[PDB]
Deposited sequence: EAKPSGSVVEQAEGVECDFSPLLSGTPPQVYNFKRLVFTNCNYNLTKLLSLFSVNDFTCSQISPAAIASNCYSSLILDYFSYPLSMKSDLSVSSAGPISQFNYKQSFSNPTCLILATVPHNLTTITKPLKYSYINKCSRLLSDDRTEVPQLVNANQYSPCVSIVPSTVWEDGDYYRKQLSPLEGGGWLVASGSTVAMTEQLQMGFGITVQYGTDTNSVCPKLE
């Protein structure tokens, strides 16, 4: 049984705050073939190496992917402190991880472009006292608490989204603001890989 990466190659990759997760156990993978379909602009890892991530056996392999503009490379890093890692997407600090920035070649036709890149520039809660603010920093392997009030793609840079919470949900307010980056001629993407060592049935082919 081969690990099935093909959902990645068909359709429009979501924006970073809606990153799509594929999880793999008990299967065989070929990461070097998958990456051969893209033009890889950056490939950096933490507690592992690009050579190792393609060659080892794991008890679990998780691959996150999304549209992402190369111009925001500095905001997609295990060292970053900007809106992406604070509010949109954050990897595990304990398991080995890699981050890959890539471009869809004209070769690759089954991946479709959204109208622009979008990200959450801030998600925050105002508590029921109407005076205490709690910025909603995203947890590793989780989505922002604002994904339900932010559209699939932000229409205009600076749009606001606001939701009053019922008392059963804590009361107060949940507010997000969205930012956009103009689409590029070729779609640019981000990939996040997280591996775990356990019984290690995720092995290279």
| property | result |
| --- | --- |
| Sequence ranges without modelled C-alpha atoms (deposited numbering) | 1-14, 213-214, 222-223 |
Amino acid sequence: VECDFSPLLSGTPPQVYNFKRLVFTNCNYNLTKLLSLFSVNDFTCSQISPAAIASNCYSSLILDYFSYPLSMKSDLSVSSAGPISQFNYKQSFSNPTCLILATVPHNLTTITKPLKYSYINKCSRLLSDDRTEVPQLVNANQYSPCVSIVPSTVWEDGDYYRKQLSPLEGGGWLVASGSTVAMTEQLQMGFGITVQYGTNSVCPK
From here on, numbers count along this sequence of modelled residues.
property	result
Greater mean Cα temperature factor according to the PDB record, 82-90 or 101-109	101-109
Average Cα temperature factor in the PDB entry - higher stretch of 22-30, 149-157	22-30
Options 63, 70, 54, 137 - largest CA temperature factor per the record	54
Within-chain third of residue 172 by Cα B-factor, per the entry	lowest
Ranked against its chain, the third holding the CA B-factor of residue 143	lowest
Residue 179, C-alpha B-factor rank within chain (lowest, middle or highest third)	lowest
Chain-wide C-alpha B factor ranking for residue 10, given as lowest, middle or highest third	highest
